[PDB]
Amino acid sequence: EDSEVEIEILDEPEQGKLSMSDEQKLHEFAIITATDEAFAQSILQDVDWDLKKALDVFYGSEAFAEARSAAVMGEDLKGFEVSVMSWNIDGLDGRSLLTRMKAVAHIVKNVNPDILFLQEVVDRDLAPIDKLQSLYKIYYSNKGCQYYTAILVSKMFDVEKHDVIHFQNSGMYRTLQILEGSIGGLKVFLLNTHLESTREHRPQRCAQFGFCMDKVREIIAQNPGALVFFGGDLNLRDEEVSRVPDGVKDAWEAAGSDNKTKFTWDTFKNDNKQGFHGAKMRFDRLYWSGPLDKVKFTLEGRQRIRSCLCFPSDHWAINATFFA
């Protein structure tokens, strides 16, 4: 009654056709979609061989956008490398703070990363870290606080935005520090954080982690082709790690999960802190997304300082190099 009425074609067969076999489906799908039978064969064998929903999938499903683009319409990064370093420098440890901070600056200069994430930075004896400003642009998350985080980037790195999100469920002043910029024509996002500490704060830490991954997921959706780096001292236990978004990988895992570079906080090997029993964790991690698919991963800051016989920090630094 209020249904559409189709245009008559005078020399067209005057009956619409009307079950079938599997090869009939192959052919039918091919004729209807104007695609070949080999492509038909791909779709229909991921469902019972239901022609009706095979059509809906070809036209409507998000998985087949490439196929639709091919049906309708029919890199510069080789030789490019970028290194990211992350280090909880334990500024809250007053013992040999100045000497340790000098060692930190020395180690940073030797490793020479393009991008450096720092956690537990304090105002006291910050001078040698501030000296890095000759080589880096320095962004402090929350200056005026007992302790905070920093992002240092090479002078070639153009910065557009610096945002700091304060976790409201944190009793430890923890934040998400976000730096948006670019290296040449390539857009880059940096997300540095120090998640809630200690096993008992698992609820806070796990909520924070998932929130951070939500932010990463938003950045990726809004910036195709961009490089995204998220990490820092995440204080994670392996079983705490929730689902990471599509296209995001753990740098240490993508480098081959080397046992020799696994633990970043290790009291068996680092005696800056001492318990009755040794403990060890992969607290410091780095995640990335973007048009670089290969990665090398090493630990740094593992040499005992000779003047005072301690390590720069109770953490090892992680150093990841991404390339294509």
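Numbering starts at 1 and runs along the sequence shown.
Participant: Quick one: classify how much of the deposited chain lacks coordinates between residue 74 and residue 75, choosing none, 1 to 3, 4 to 9, or 10 or more.
Facilitator: Count of unmodelled residues in between: 10 or more.
Participant: Just how many deposited residues go unmodelled from residue 18 to residue 19: none, 1 to 3, 4 to 9, or 10 or more?
Facilitator: 1 to 3 residues lack coordinates between residue 18 and residue 19.
Participant: On average, are the C-alpha B-factors higher in 314-322 or in 2-10?
Facilitator: Here the higher of the two C-alpha B-factor means belongs to 2-10.
Participant: Using only the Cα atoms and their B-factors as the entry lists them, report which of 123-131 and 190-198 averages higher.
Facilitator: Taking the mean C-alpha B-factor of 123-131 and of 190-198, the larger value falls to 123-131.
Participant: Looking at 41, 298, 270, 264, which one carries the largest C-alpha B-factor according to the PDB entry?
Facilitator: That would be 41.
Participant: Where does residue 223 sit by CA temperature factor within its chain: lowest, middle or highest third?
Facilitator: Middle third of the chain for residue 223's C-alpha B-factor.
Participant: Among the chain's modelled residues, which third holds the C-alpha B-factor of residue 240?
Facilitator: Residue 240: CA B-factor falls in the middle third of its chain.
Participant: Looking at the C-alpha B-factor of residue 162, is it in the lowest, middle or highest third of its chain?
Facilitator: Middle third by C-alpha B-factor.
Participant: Select lowest, middle or highest to describe the third in which the CA B-factor of residue 79 falls within its chain in this entry.
Facilitator: Top third by C-alpha B-factor.
Participant: Splitting the chain's C-alpha B-factors into thirds, which one does residue 284 fall into?
Facilitator: Residue 284: CA B-factor falls in the lowest third of its chain.
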